[PDB]
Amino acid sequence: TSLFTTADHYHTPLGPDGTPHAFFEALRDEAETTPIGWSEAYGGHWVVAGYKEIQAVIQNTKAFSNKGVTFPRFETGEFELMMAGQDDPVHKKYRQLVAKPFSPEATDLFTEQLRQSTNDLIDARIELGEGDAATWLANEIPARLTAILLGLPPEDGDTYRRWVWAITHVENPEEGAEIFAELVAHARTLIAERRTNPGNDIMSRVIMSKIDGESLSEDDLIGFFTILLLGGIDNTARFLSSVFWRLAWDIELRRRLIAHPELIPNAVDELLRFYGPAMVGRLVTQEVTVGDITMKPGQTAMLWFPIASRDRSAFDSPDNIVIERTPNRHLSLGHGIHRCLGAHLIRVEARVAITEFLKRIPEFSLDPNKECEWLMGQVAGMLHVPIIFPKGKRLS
């Protein structure tokens, strides 16, 4: 019996703690023998689980194309995910347009405003003694950030969340496509406004940009809007919700972060290794051999980062959250030419969120009368994390 045969990142067995980690640990064990295996799911595809096998695949851009970055393909109609869905040379030119606003110096500019935002969100319920850390905090922090990056109203998070649900999780394709079509309609109006009244945001930036002398098509612009919205509302919210869930029951990890705030950035990196939401696919475009296995053009390889992140040949004690772990070269943010554009920004965001939360609410736990829930998929993590805590005071 192999766990690869029915491996499916949208349908991962959950264990008693509520997470797929027991399943990930079992798959990791098997990957020591078979680091790449065939899955029967989605009509058949390769599941790449070993650390060095994922490295080999992801560096080999000649045989493995980012046209398969989402598998099954995300619902973005006729639009492509910019950067993430392209290969070089096209990929490099698009990414170059937004490197500056994602650079560490550019994104550090938001730290103090992320800190205020986190404290304001906390104020909303600190007096209540209860709340869903996902919906109340983890979702809202990146949504509000992302709205400001894109020059959108920050109070319309429920609209952006609905768009992201359509792209990734609605299963009736009619609803899926239709709601993505609503994103497109909003995106066009914003582009038209920024065209005439340009601002500081990243959208105005790409709208005014040029490649080889020429403006970006409206479709290219919509692709930029789309992938940026996905990074914030989806990946970051799921990551933070898993972190909040962990901090809720893991009283040992929590007291250490409270006592050693200087360890929080390194801890954020270890939490990324352990709770990294993401997997990505690659479309095989050339016959290629990786380890014992020969892949053919047209096949897809799914890079199961959470398994590689637990590889005993790449990490000592991989099943433990070791907050002082260095160098910690996990694959949660990718590697090589497609390496996460928002890497530094999420590190700031997580450091701020954790810092402020533990500062305001040092004592809290999972609500024993409400359920947690894990969202499965290409972006995976806690979706509901009901917590209780002693009633406290607003800063406002």
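Start at 1 and count along the sequence shown; that's the residue number.
- Per-stretch averaging of Cα B factors for 178-186 and 210-218 places 210-218 on top.
- In this entry, the higher average B-factor at the C-alpha atoms falls on 121-129, of the pair 121-129 and 237-245.
- Sorting 231, 277, 154, 281 by the CA temperature factor given in the entry leaves 154 at the top.
- The residue among 313, 266, 286, 299 whose C-alpha atom has the highest B-factor in the PDB entry is 286.
- The PDB entry assigns residue 39 a C-alpha temperature factor belonging to the lowest third of its chain's modelled residues.
- Residue 369: CA B factor lies in the highest third for its chain, per the PDB record.
- Annotation for residue 272: C-alpha temperature factor in the lowest third relative to the rest of the modelled chain, per the entry.
- Placement of the Cα temperature factor of residue 162 within the chain: middle third of the modelled residues, per the deposited record.
- Annotation for residue 18: CA B-factor lies in the middle third of the chain's modelled residues.
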